[PDB]
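Enquirer: Handing you this structure, nothing more for now.
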Amino acid sequence: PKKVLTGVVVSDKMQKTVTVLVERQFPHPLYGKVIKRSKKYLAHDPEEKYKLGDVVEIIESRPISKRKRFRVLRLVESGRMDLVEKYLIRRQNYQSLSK
Amino acid sequence: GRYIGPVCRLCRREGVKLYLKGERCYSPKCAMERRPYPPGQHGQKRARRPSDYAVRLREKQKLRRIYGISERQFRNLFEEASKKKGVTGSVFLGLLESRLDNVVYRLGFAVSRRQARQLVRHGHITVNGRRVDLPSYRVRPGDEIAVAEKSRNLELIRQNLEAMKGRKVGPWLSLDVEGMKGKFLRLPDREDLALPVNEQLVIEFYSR
Amino acid sequence: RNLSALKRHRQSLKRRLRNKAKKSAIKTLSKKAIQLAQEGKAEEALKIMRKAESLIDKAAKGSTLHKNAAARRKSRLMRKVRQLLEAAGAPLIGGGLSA
Amino acid sequence: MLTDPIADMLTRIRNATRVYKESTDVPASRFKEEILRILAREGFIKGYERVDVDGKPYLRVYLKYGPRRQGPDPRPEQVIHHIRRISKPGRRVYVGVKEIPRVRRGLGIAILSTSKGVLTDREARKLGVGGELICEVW
Amino acid sequence: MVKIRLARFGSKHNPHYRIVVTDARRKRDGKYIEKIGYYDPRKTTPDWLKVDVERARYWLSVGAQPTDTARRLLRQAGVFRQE
Amino acid sequence: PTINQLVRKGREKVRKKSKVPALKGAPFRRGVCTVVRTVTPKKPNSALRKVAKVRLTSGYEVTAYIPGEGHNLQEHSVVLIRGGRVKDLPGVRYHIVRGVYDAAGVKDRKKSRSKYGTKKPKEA
RNA sequence: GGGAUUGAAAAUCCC
RNA sequence: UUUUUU
RNA sequence: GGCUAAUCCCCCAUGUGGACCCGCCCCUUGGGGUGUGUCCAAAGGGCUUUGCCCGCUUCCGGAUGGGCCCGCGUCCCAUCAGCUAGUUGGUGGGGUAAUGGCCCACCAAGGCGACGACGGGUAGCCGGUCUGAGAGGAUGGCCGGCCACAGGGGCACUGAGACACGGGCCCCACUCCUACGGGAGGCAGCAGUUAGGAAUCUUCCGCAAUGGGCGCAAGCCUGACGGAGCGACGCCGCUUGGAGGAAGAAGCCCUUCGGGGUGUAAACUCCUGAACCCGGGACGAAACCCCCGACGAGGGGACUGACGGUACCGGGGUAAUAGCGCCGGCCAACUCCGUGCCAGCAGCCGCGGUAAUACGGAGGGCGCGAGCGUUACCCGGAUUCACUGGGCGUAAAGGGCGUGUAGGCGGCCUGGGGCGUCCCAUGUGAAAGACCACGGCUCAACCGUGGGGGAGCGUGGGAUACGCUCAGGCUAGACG
Ligand SMILES: [Mg+2]
Ligand SMILES: [Mg+2]
Ligand SMILES: [Mg+2]
Ligand SMILES: [Mg+2]
Ligand SMILES: [Mg+2]
Ligand SMILES: [Mg+2]
Ligand SMILES: [Mg+2]
Ligand SMILES: [Mg+2]
Ligand SMILES: [Mg+2]
Ligand SMILES: [Mg+2]
Ligand SMILES: [Mg+2]
Ligand SMILES: [Mg+2]
Ligand SMILES: [Mg+2]
Ligand SMILES: [Mg+2]
Ligand SMILES: [Mg+2]
Ligand SMILES: [Mg+2]
Ligand SMILES: [Mg+2]
Ligand SMILES: [Mg+2]
Ligand SMILES: [Mg+2]
Ligand SMILES: [Mg+2]
Ligand SMILES: [Mg+2]
Ligand SMILES: [Mg+2]
Ligand SMILES: [Mg+2]
Ligand SMILES: [Mg+2]
Ligand SMILES: [Mg+2]
Ligand SMILES: [Mg+2]
Ligand SMILES: [Mg+2]
Ligand SMILES: [Mg+2]
Ligand SMILES: [Mg+2]
Ligand SMILES: [Mg+2]
Ligand SMILES: [Mg+2]
Ligand SMILES: [Mg+2]
Ligand SMILES: [Mg+2]
Ligand SMILES: [Mg+2]
Ligand SMILES: [Mg+2]
Ligand SMILES: [Mg+2]
Ligand SMILES: [Mg+2]
Ligand SMILES: [Mg+2]
Ligand SMILES: [Mg+2]
Ligand SMILES: [Mg+2]
Ligand SMILES: [Mg+2]
Ligand SMILES: [Mg+2]
Ligand SMILES: [Mg+2]
Ligand SMILES: [Mg+2]
Ligand SMILES: [Mg+2]
Ligand SMILES: [Mg+2]
Ligand SMILES: [Mg+2]
Ligand SMILES: [Mg+2]
Ligand SMILES: [Mg+2]
Ligand SMILES: [Mg+2]
Ligand SMILES: [Mg+2]
Ligand SMILES: [Mg+2]
Ligand SMILES: [Mg+2]
Ligand SMILES: [Mg+2]
Ligand SMILES: [Mg+2]
Ligand SMILES: [Mg+2]
Ligand SMILES: [Mg+2]
Ligand SMILES: [Mg+2]
Ligand SMILES: [Mg+2]
Ligand SMILES: [Mg+2]
Ligand SMILES: [Mg+2]
Ligand SMILES: [Mg+2]
Ligand SMILES: [Mg+2]
Ligand SMILES: [Mg+2]
Ligand SMILES: [Mg+2]
Ligand SMILES: [Mg+2]
Ligand SMILES: [Mg+2]
Ligand SMILES: [Mg+2]
Ligand SMILES: [Mg+2]
Ligand SMILES: [Mg+2]
Ligand SMILES: [Mg+2]
Ligand SMILES: [Mg+2]
Ligand SMILES: [Mg+2]
Ligand SMILES: [Mg+2]
Ligand SMILES: [Mg+2]
Ligand SMILES: [Mg+2]
Ligand SMILES: [Mg+2]
Ligand SMILES: [Mg+2]
Ligand SMILES: [Mg+2]
Ligand SMILES: [Mg+2]
Ligand SMILES: [Mg+2]
Ligand SMILES: [Mg+2]
Ligand SMILES: [Mg+2]
Ligand SMILES: [Mg+2]
Ligand SMILES: [Mg+2]
Ligand SMILES: [Mg+2]
Ligand SMILES: [Mg+2]
Ligand SMILES: [Mg+2]
Ligand SMILES: [Mg+2]
Ligand SMILES: [Mg+2]
Ligand SMILES: [Mg+2]
Ligand SMILES: [Mg+2]
Ligand SMILES: [Mg+2]
Ligand SMILES: [Mg+2]
Ligand SMILES: [Mg+2]
Ligand SMILES: [Mg+2]
Ligand SMILES: [Mg+2]
Ligand SMILES: [Mg+2]
Ligand SMILES: [Mg+2]
Ligand SMILES: [Mg+2]
Ligand SMILES: [Mg+2]
Ligand SMILES: [Mg+2]
Ligand SMILES: [Mg+2]
Ligand SMILES: [Mg+2]
Ligand SMILES: [Mg+2]
Ligand SMILES: [Mg+2]
Ligand SMILES: [Mg+2]
Ligand SMILES: [Mg+2]
Ligand SMILES: [Mg+2]
Ligand SMILES: [Mg+2]
Ligand SMILES: [Mg+2]
Ligand SMILES: [Mg+2]
Ligand SMILES: [Mg+2]
Ligand SMILES: [Mg+2]
Ligand SMILES: [Mg+2]
Ligand SMILES: [Mg+2]
Ligand SMILES: [Mg+2]
Ligand SMILES: [Mg+2]
Ligand SMILES: [Mg+2]
Ligand SMILES: [Mg+2]
Ligand SMILES: [Mg+2]
Ligand SMILES: [Mg+2]
Ligand SMILES: [Mg+2]
Ligand SMILES: [Mg+2]
Ligand SMILES: [Mg+2]
Ligand SMILES: [Mg+2]
Ligand SMILES: [Mg+2]
Ligand SMILES: [Mg+2]
Ligand SMILES: [Mg+2]
Ligand SMILES: [Mg+2]
Ligand SMILES: [Mg+2]
Ligand SMILES: [Zn+2]
C-alpha cells in the first residue's frame, strides 16, 4: 500500500506545488494520553487545481523533486480557512520569543 | 571438594543429631549424647535469642550439611525448584533425594552419606547396567541402582548388605539384597521424609 | 610482495582505451547529426543518425554501454532529430524514423 | 461548567455515602444512567430513579450500607468502600480484552464502556470486548 | 548462486549440522534462506538425519546447488530417487 | 504535575557524579609520590595519619592514604592507587595498594593479609 | 623531650 | 578553652 | 623498432528475438500488446571424433543478492532561537541500472522552526544482554543482522558488482632505499614486536572435517575454518579420603583452679584407590572418484586425519593440596593478653585518652571453599524524577498581580461519518537467545530436536458506548 494521508493546503506560493499539513493522533508511549502531532508534506499539483484551505488526500508517489514524494490524490473538502488561520497565527507567534 | 573435617561437631552446632557419621551416631557416642551444646569455648554459655535472620540461616545449614553439599550446588538446586511447577518447598527435597550419592545411602548400600559418596566416586555403583561415578547425578524414576559385580565380593559391601537383611526401605525405594540391585520407584513426598527441617524457613532464607 | 593481480590492472588500462574511444565516436556523431537537423538538412542527418544508432547498439554488445544506457542515447538522439527536423520538416531519407 | 461529569457523579456518591445519606441527586445524563444501572445490578446501590428539581432532570441515587455495628463508632460498614475514576479527561485509558483488570481479586468490578455498551469486566470478558475503563468499584 | 549446504551448530568436538539453503556468498554459519533438515555425523541419536524431501526438491527446481556432502545426504533421504 | 505537563517537560533522570576521579574510571591507577606526610584528622579523633601526594597516569595529583602499621614509602617511590576514602581526614578519597610495585607489604601481619599485601608464613 | 595538672588533653607552672 | 554526659 | 596465436578486437551476414522514434489498442506514472521504419547477435575447446561433454549468442521467465523512495520510532544541552543561495519550487537539459537540485542553464521566491529548525555535546544501530515484582533503568563485548571505515584527505578506472583493506592516480604526515635526479611502503587479516595502560594469549598443528575461489576432472589455494597452546577470566563437574576410634593423650587457649575448650579431631585398626604405570584403542568419514547401469535413478566397490595414541574400555595401584574473608550494630560468629586520642580501624553510624567482644596478636567461632577478598562500573533496595508510583500553609517547592496568544481540557438531547478505541481473520515479527518438553556427551556446564508465546505495523471484515468530527436542537454554564 502506497501510504495515503489527508491534510489541508497551507501554501499556494510555489509553482505546481502545494504544502499539505497532515495531523496525527496517538497515545503517548509512557504517559498514555492522546497527543496530537502534525507534519507538513510537499505535494505535487500538476494542474494547479488545489488551493488554500482545500482538505485533500495525499498519496505516496515516485519522487518529483527533493522534499517532494507525494501527489494530491483528490479533494475531500474545499475551503476551510479556519484550519489555515490556526497554522498562520501559530507561525506568526514565532516573531516574539527571540530577544 | 565438599566439606572434609570433623562432623559430630556439626551434630552439635545445629542442636540436632546429624547422621553423617553413619554408625556411632546410633551408638551412645554421637556427642549429641551428653554434649548437645554447640562447639567451641562459648558452647556452654547461655545463648541469646536468635535474630529472625539467624533462624533462617541455621535452618538452611541444617539442611545443606545433612546432604553434604557445597552451597554452590545447593543454591543451584533451589533456584531450579522455584522455576518448576509445584511447591518449591517439597520439590527441592525430591531433588536432593534424587542425588545418586544420597540414593546409595538411602538404599543401605553404604553406612553414611559420605561413605555412599566414596562408593559412587570410585565406580562401585551401577545405574541401569552402566557405571556412574558422579555423586551429583540425578536418579530418574524407574532406574535400577545396583552394585558392580566387580565389587560384589568386596567385604565392605557384603558387610553393609549383611545388616540390610530384613531392614525395611523407603516407600519410594525397593532393593534386592542378594544380587545387590535396587530401584528408585518414584520421587519422595514431604511426608515421606523425616528430616528435622522446616523448608518454609529455607525458602524464606533465599527471599532476601 | 609482487602479487600478480597486477595483471588485472594492466588489462584495466587496455579496456580503458577501448571504452573511452568507442564513446568518443558516439558523442562526435550524435552532435554531428543533431547539427544537421538544426540546419534543416534532412537526408544527411538521417544517414548519420543511423550510424550513431549502430555505433550505440554496438557499444552495448561489449561492456561499454551494456545496459539500457544504450537505449537512453538512442532515445534522446531520435527525439532531438525529429524535433529539430520540425523546421521545414520534409524528412527525406525517412530511413531511421517511423512513418 | 462541570469538568468531568462522571467523576462528579462518582464523587457525589462517594461524599454522600461517607455521611450516610439516604439519597443523592446527580445531574441527569444517559451515560451516567447506564453507570447507575450496572451499580444497581451489582448490588452497590438500592437503585436510582429520574426526578426533576426546579424543572431540570436529575437522578436520585438510593445508597445502601451494612448493619449498625457494635461498640464505639456504630456507623455501618459501607457497601461502596472505594470508588475511583480511572479514565479521566486529559488522560484517557482504553484496554483490550486481555488488558481488562481483575478488581480486588474478583470481589470488585471495573465498569468498562465498550462498543457493545457499558459493561462490567466479567460481562466484557465474556462478551470478548475491551474499551475505555471508567472506574474501579469495590 | 544459491546453494544447499551444511552449517555447523554443535559444540567443540560435538558437531551438528543444519542442511540449509543460502546464497553461496554468506558465511557458512550466517543468515540463510530456509532450514531443510539436520545432520548428526556421530550418529548419537536414532534419528540423525531428516530432510523434508518435498522442500529440497523445490530448491533444486529453481536452481540451488548442493555441496558434495549435501547431495550425499539428500540422496540418503532419497530426494533423487525417481521410481 | 499534570499528565499534560509530563508530556510537555517530563521527568529528568538524575545524573550521578563520580566519587573517584581516577580517570578512565579504572579500577586502579599507578602514580609516583610527591610528598609523604602525616596529617591531623577531623574533630572527634586525633592521631598521625600517613598519606602521600601522587602524580597519576591520569594527569591528576591527589592525596592517598597509606594503610597499615608501617610503610617503606619514600618521596620518589611509585605506587598503585585504590580508591575508597578515609572518613576522618578531609579530602583524602583514594587508598594505596600495599604489596604493589614499591610499597612493600606490612611485616608480621598475621590476620588480614589480603588487605595490606603480605604473604603466607611457615609454621615449624 | 621528663614532673605538677586533669578522666585524658590543650593551656599554665617546675628541673 | 578541647573530647567524654556517665 | 619488429614478428605472432587465440574463447583478444573489428566489419559483413542470418532477426527466434530484443532495442529506439512515431501511430494505435488495453492498462494506468516509464506496465503489456501491435504496425511501419531504423539499429543489434556469437567462440571455441575436449575426447570413448557421427555423437556426446565443457563452453559461446539473442530473448522470456524463475531463483538469489542488491540500489533508490516513504510512514513511524531512535541520547543530552534552550546558558544553542531563529536557520537557509542549489536554498525551496518550476521549465529544459546533463547523468545513472533507475527517481531525484544528484549536477547544470534559465524562470518564480520560496523552504524549515518552540510538535525544538539552526548550533553544541555525546554515540555506530538492532536481535539481544544485565537488572527489576513489574513498569522501567542500564547496556550493545562474544555469536547473528544492517551500516561505516582501511595512516589523514580527495578522485576516478576496470567490472554484473567497487569509487575497492592485502587495485590504480594525486595532495599531506610519517618510516625505509637513494649515485640526491628519484623511488618503495601502509597488520582496524593470523600470529608476533613496541608504545600507552590497572590489564588482554601461540611468530602453534592441519586441509582430515564444514564452507569459499578456480578447474571437465585429477587437483590447487583458503591464518574462513576445524583443532591444540597459555590465563581460575566465566560456568560446570571433580579430589585433598571412608568406616571404626577416649565421658575423652600431648601441645596450645581460657579458668571460679573444681574444671571447661580445640574434639572423633589426631594417633592408631580395617577398607576403598585421585595421581602414576601397562595393554587395547575410537566416533567425527563418506562422498568427490572408479566400475556396472545411459556420465540419470539405483546398485557395487576403493582412497582419505589435524585433534591423536587424545577420549574411552580393561589390568595394576599410592591415604594422597586448603585456603581466604569476617566475628560493635546493620550481620552468622567471643574470650584472653598487648597497646593508652599512641600505633592503628572505619561501607555508614563510630571504635582507641588503662578491664577495648571495634586497634594489633593468640585461642576459639561464623561464612564460602579452588577459591576468597578488594577497587571500579551497572541495575537493585530508591514509591529518591513517583506512567504503574511523590509532592508545594509552617519540612525542598504557588509565579508579586492582572490581561490575554498558542496549546491542553469541554453541559444536556438527536442524527451522519467511523479518525481515536474495541473485536475477528490474515500476513509480518530471520536464526541464536529466553520459556516448556524430550534427547546426546557416565552427570552437569555445553549441545540437539520439537512445541508454544509475543508488543508492534500491513491488509481485509466488523462494532459504535466513550473521545474526535460534521449537521440539527435545548437552557442548568457563561454573557447581555
Ligand atoms: Mg485533518
Ligand atoms: Mg500554486
Ligand atoms: Mg513521540
Ligand atoms: Mg518510553
Ligand atoms: Mg507504560
Ligand atoms: Mg493522480
Ligand atoms: Mg478515490
Ligand atoms: Mg494545527
Ligand atoms: Mg516453584
Ligand atoms: Mg504452579
Ligand atoms: Mg536409611
Ligand atoms: Mg513414591
Ligand atoms: Mg530474589
Ligand atoms: Mg608489487
Ligand atoms: Mg590471472
Ligand atoms: Mg571530438
Ligand atoms: Mg550502418
Ligand atoms: Mg561501467
Ligand atoms: Mg491509572
Ligand atoms: Mg491492542
Ligand atoms: Mg490485574
Ligand atoms: Mg490496568
Ligand atoms: Mg468467548
Ligand atoms: Mg551477501
Ligand atoms: Mg526440517
Ligand atoms: Mg535414517
Ligand atoms: Mg527424511
Ligand atoms: Mg569441498
Ligand atoms: Mg527430482
Ligand atoms: Mg518406476
Ligand atoms: Mg519526545
Ligand atoms: Mg505537546
Ligand atoms: Mg527532560
Ligand atoms: Mg571520564
Ligand atoms: Mg588530564
Ligand atoms: Mg595524560
Ligand atoms: Mg568505598
Ligand atoms: Mg578560658
Ligand atoms: Mg547520648
Ligand atoms: Mg611495436
Ligand atoms: Mg614493444
Ligand atoms: Mg548485422
Ligand atoms: Mg519478429
Ligand atoms: Mg508525440
Ligand atoms: Mg520491424
Ligand atoms: Mg568476444
Ligand atoms: Mg568439436
Ligand atoms: Mg569431428
Ligand atoms: Mg580435434
Ligand atoms: Mg528479484
Ligand atoms: Mg528484491
Ligand atoms: Mg551526556
Ligand atoms: Mg535549514
Ligand atoms: Mg552554509
Ligand atoms: Mg553554496
Ligand atoms: Mg529533469
Ligand atoms: Mg555502474
Ligand atoms: Mg531521467
Ligand atoms: Mg520558465
Ligand atoms: Mg513536527
Ligand atoms: Mg507546527
Ligand atoms: Mg557533531
Ligand atoms: Mg564515536
Ligand atoms: Mg528476570
Ligand atoms: Mg533504556
Ligand atoms: Mg547506548
Ligand atoms: Mg536504549
Ligand atoms: Mg541504546
Ligand atoms: Mg574475536
Ligand atoms: Mg548472546
Ligand atoms: Mg564458536
Ligand atoms: Mg556483532
Ligand atoms: Mg537494510
Ligand atoms: Mg576515509
Ligand atoms: Mg583514505
Ligand atoms: Mg567480471
Ligand atoms: Mg566500500
Ligand atoms: Mg570506500
Ligand atoms: Mg594489510
Ligand atoms: Mg601492494
Ligand atoms: Mg606503485
Ligand atoms: Mg597517555
Ligand atoms: Mg608499559
Ligand atoms: Mg585464542
Ligand atoms: Mg566448477
Ligand atoms: Mg578426465
Ligand atoms: Mg600460499
Ligand atoms: Mg578457531
Ligand atoms: Mg567449582
Ligand atoms: Mg574420621
Ligand atoms: Mg582395583
Ligand atoms: Mg572417521
Ligand atoms: Mg563410518
Ligand atoms: Mg579429496
Ligand atoms: Mg559404460
Ligand atoms: Mg550412487
Ligand atoms: Mg582402572
Ligand atoms: Mg591422610
Ligand atoms: Mg550479631
Ligand atoms: Mg579490620
Ligand atoms: Mg594494660
Ligand atoms: Mg586491657
Ligand atoms: Mg575505656
Ligand atoms: Mg578483639
Ligand atoms: Mg581484632
Ligand atoms: Mg582462627
Ligand atoms: Mg572475585
Ligand atoms: Mg546504587
Ligand atoms: Mg524507580
Ligand atoms: Mg535525589
Ligand atoms: Mg504520578
Ligand atoms: Mg492498583
Ligand atoms: Mg516527596
Ligand atoms: Mg495544588
Ligand atoms: Mg524556617
Ligand atoms: Mg500569591
Ligand atoms: Mg484569566
Ligand atoms: Mg483558546
Ligand atoms: Mg463532550
Ligand atoms: Mg476540542
Ligand atoms: Mg452516531
Ligand atoms: Mg454516507
Ligand atoms: Mg475504525
Ligand atoms: Mg499478529
Ligand atoms: Mg525466535
Ligand atoms: Mg529477564
Ligand atoms: Mg541425559
Ligand atoms: Mg500471535
Ligand atoms: Mg483494519
Ligand atoms: Mg429561552
Ligand atoms: Mg445575570
Ligand atoms: Zn553424630
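Chains as they are written, first to last, in the numbering used here: chain A, 312 to 410; chain B, 227 to 434; chain C, 4 to 102; chain D, 151 to 288; chain E, 49 to 131; chain F, 120 to 243. Quick reminder that beta carbons are idealized off the backbone N, C-alpha and C, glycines included.
Look at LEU95/C and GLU56/C and say whether their C-beta atoms are less than 7 Å apart.
Expert: For the purposes of this step, residue 95/C is identified with residue 92 of the third sequence, where counting begins at 1. For the purposes of this step, residue 56/C is identified with residue 53 of the third sequence, where counting begins at 1. No. Outside cutoff.
Enquirer: With a CB to CB cut of under 7 Å and the five nearest residues on each side skipped, what residues in its chain are close to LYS83/E?
Expert: Indexing the fifth sequence from 1 puts residue 83/E at position 35. Same-chain partners within the cutoff: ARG66, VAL68.
Enquirer: For the region 126 to 154 of chain F, which residues have a CB atom closer than 7 Å to at least one CB atom of chain A, in sequence order?
Expert: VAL126
Enquirer: Have a look at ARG348/A, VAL395/A, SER409/A and flag the residue whose alpha-carbon is nearest the alpha-carbon of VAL329/A.
Expert: Walking along the first sequence from the start, residue 329/A turns up at place 18. Of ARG348/A, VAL395/A, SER409/A, the residue nearest in Cα terms is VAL395/A.
Enquirer: Would you say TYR405/A lies against chain F (beta-carbon separation less than 7 Å)?
Expert: As a working note, residue 405/A is residue 94 in the first sequence. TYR405/A does not count as touching chain F.
Enquirer: The alpha helix (DSSP H) spanning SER78/C covers which residue range?
Expert: Taking the third sequence and counting its residues from 1, the one referred to as residue 78/C is at position 75. Looking at the DSSP string, the run of the alpha helix (DSSP H) that includes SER78/C is 72 to 87.
Enquirer: Determine the extent of the beta strand (DSSP E) in which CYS285/D is found, giving its start and end residues.
Expert: Counting from 1 along the fourth sequence, the entry for residue 285/D is found at position 135. Its beta strand (DSSP E) spans residues 281 to 287.
Enquirer: Candidates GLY256/D, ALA260/D, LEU277/D, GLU249/D: which alpha carbon is nearest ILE185/D's?
Expert: On the fourth sequence, position 35 is the one that residue 185/D refers to. Relative to the Cα of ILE185/D, the nearest Cα in the group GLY256/D, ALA260/D, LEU277/D, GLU249/D belongs to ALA260/D.
Enquirer: Below 8 Å, how does it come out for the region 163 to 183 of chain F and the region 205 to 217 of chain F: are there three or more Cβ pairs, yes or no?
Expert: Flag = yes, the region 163 to 183 of chain F and the region 205 to 217 of chain F touch.
Enquirer: So, helix, strand or coil for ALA178/D, using DSSP?
Expert: Within the fourth sequence, numbered from 1, the residue matching residue 178/D stands at position 28. If DSSP states are grouped into helix, strand and coil, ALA178/D belongs with coil.
Enquirer: Considering only residues of the same chain and omitting the five flanking positions on each side of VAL101/E, which have a CB-CB separation below 7 Å?
Expert: On the fifth sequence, position 53 is the one that residue 101/E refers to. Contacts found: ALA125, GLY126, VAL127.
Enquirer: Given that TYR342/A touches chain F, what residues does it touch there, using C-beta distances under 7 Å?
Expert: For the purposes of this step, residue 342/A is taken as residue 31 along the first sequence, with counting starting at 1. Those are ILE122, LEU125, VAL126, listed as they occur along chain F.
Enquirer: Is there a Cβ from chain F that is less than 7 Å from the Cβ of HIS339/A?
Expert: As a working note, residue 339/A is residue 28 in the first sequence. Interface residue, yes.
Enquirer: According to DSSP, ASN62/E sits in a beta bridge with which residue or residues?
Expert: Here residue 62/E corresponds to residue number 14 of the fifth sequence, with the count starting at 1. Answer by DSSP bridge pairing, in chain order: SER59/E.
Enquirer: Where in the region 332 to 410 of chain B do unbroken runs of the alpha helix (DSSP H), each at least 4 residues long, occur, reported from the N-terminal end onward?
Expert: 339 to 347, 381 to 388
Enquirer: Is there at least one Cβ from chain F nearer than 7 Å to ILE370/A's Cβ?
Expert: Counting from 1 along the first sequence, the entry for residue 370/A is found at position 59. Output row for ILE370/A: interface = no.
Enquirer: Ligand 29 heavy atoms versus the CB of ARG120/E: any closer than 6 Å?
Expert: As a first step, residue 120/E is located in the fifth sequence; it is residue number 72 there, counting from the start. Not so, every heavy atom of ligand 29 lies at least 6 Å from the Cβ.
Enquirer: Return the chain-ordered ranges of every beta strand (DSSP E) run that is complete within the region 146 to 193 of chain F and spans a minimum of 3 residues.
Expert: 148 to 158, 168 to 175, 180 to 184
Enquirer: Counting C-beta neighbours from all protein chains within 10 Å, is the total for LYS327/A 16 or more, i.e. buried, or is it exposed?
Expert: Within the first sequence, numbered from 1, the residue matching residue 327/A stands at position 16. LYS327/A comes out exposed.
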